[PDB]
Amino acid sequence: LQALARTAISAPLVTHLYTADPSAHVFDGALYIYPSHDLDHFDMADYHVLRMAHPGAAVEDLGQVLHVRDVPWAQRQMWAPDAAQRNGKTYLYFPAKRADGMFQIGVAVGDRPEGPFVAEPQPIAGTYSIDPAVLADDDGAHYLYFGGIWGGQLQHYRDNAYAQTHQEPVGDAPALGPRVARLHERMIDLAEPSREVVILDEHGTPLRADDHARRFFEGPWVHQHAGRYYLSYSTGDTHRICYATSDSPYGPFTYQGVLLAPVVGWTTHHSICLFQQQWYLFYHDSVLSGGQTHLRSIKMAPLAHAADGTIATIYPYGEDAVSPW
């Protein structure tokens, strides 16, 4: 697979550290990226913030802005984060693991996009599992999406309650979807208990647990375009970013297709962000590290919505490349 490094459509945004799970936002007139920081096993411990001043600019590492040692409730595994702004504050949302082994989502508050961020002493009540994404709705509301199965533990929850015997559904049972909750105006609490986000097939039927090509695995992201909501996410063991659409941030979302073909390294994770004239897909892969799943680099590619609202598949090493998966 050494050909893939040669025909990659994107270079690593930074190479002096390993980065993953990019959440891109335009805050205060610039592009800010909030990724995970892979350490040279997914044992990440801290977050950096990166910035691009304008379209085409060199990427700045603004340095470390939060470390798990400053998060009283969390012991380890600072995974895919996100950020939001409200009332002149910037909020850093992040999944991390408690000493008792459970993932939950917490938040840290700062006065600027680049921090420093001060972590709340407890996680956000009502959250669990991983991969937060916070949608700043055009109407002023903020919504928190989250969830990931397998290592993300979402499969142990139903209706927001944990049980040891809750497992991943199988067969004809509906696959699990991400969770969503409107955030409180104070941003560090939910305004409501989270709800299931339902993803439907083209016939209006919820996706099956045994449909691993399409069913939700982790890393939800929502963006607005042309009066609809786009939910996009990783399918995990089939290595796709897929997307689905709805007239509501709550769904249900109807499956549309594959947004990003498989990348090098087992995980795939992304965000979609509008910057000046252009939509961009931010994603990651493991080429920098020579194909090591746990050492990634974030990347970006331009993204286009078609007249009919669809998004064409992005092929990270070219459409003619041998797929890494």
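Numbering starts at 1 and follows the sequence shown.
- Across the two stretches, 116-124 and 208-216, the PDB entry reports the greater mean Cα temperature factor for 116-124.
- The stretch with the higher mean CA B factor, choosing between 56-64 and 265-273, is 56-64.
- As recorded in the PDB entry, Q164 shows the highest C-alpha B-factor of the residues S129, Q164, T238, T245.
- Looking at the C-alpha B-factors along this chain, the one for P193 belongs to the middle third.
- In the PDB entry, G152 places in the lowest third of its chain by CA B-factor.
- Among all modelled residues in its chain, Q75 ranks in the highest third by Cα B-factor.
- When the modelled residues of the chain are ordered by C-alpha B-factor, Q224 sits in the middle third.
- Among all modelled residues in its chain, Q256 ranks in the middle third by Cα B-factor.
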